[PDB]
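One chain follows as structure tokens, the form deposited in one PDB entry.
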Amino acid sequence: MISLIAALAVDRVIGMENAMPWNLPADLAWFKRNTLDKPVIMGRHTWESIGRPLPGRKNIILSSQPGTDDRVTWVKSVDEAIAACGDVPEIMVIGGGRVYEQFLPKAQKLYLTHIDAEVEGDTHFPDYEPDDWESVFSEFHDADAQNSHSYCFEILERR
């Protein structure tokens, strides 16, 4: 199955002109927990953001331009990206905006972190209809010594 994993500020903001103005190691740990030992598909901007390959995951970059790093797999279409994942139980789509938009219709599961930050968004998560999704997990957390904002983890399954 295909799943999307994303961190959403208020108004579904997922990306800004520059790095997001928060420090959420707990969210990064959640991201890692839920992507480890699964193939991850990302777009080129997200690849640049991360800086290097995500450890312990097959990294697949969806882009129309040729690849500039040999440590990851470069593909040019959605179907090629899926094919490159092979026969696995779950493929994780990790953004950004355009990649989420292309994979949402195929997705059966969303792993969302909702962050209590009001920011001006450059890119947004797709406008999904809550009516069509069932929350099967929710966990709320306050800001703390290591995390700059309150955040809530949710797992949705398509109804």
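Throughout, rigid core stands for the largest set of C-alpha atoms superposing within 1.5 Å between the two forms. Just count from 1 along the sequence shown to find any residue number. Shifts are known only where both forms have a C-alpha.
The form deposited in another entry is left out here; the points below concern that form.
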Next on the checklist: My question is whether residue 13 is one of the residues whose C-alpha shifts by 2 Å or more between this form and the one not shown, given a fit on the rigid core.
Outcome noted: no
Checklist entry - Quick one: once the rigid core is lined up, does residue 23 have its C-alpha move by 2 Å or more between this form and the one not shown? => result yes
Item to check | Superposed on the rigid core, segments between this form and the one not shown of at least 3 residues with Cα shifts of 2 Å or more | outcome: 16-23
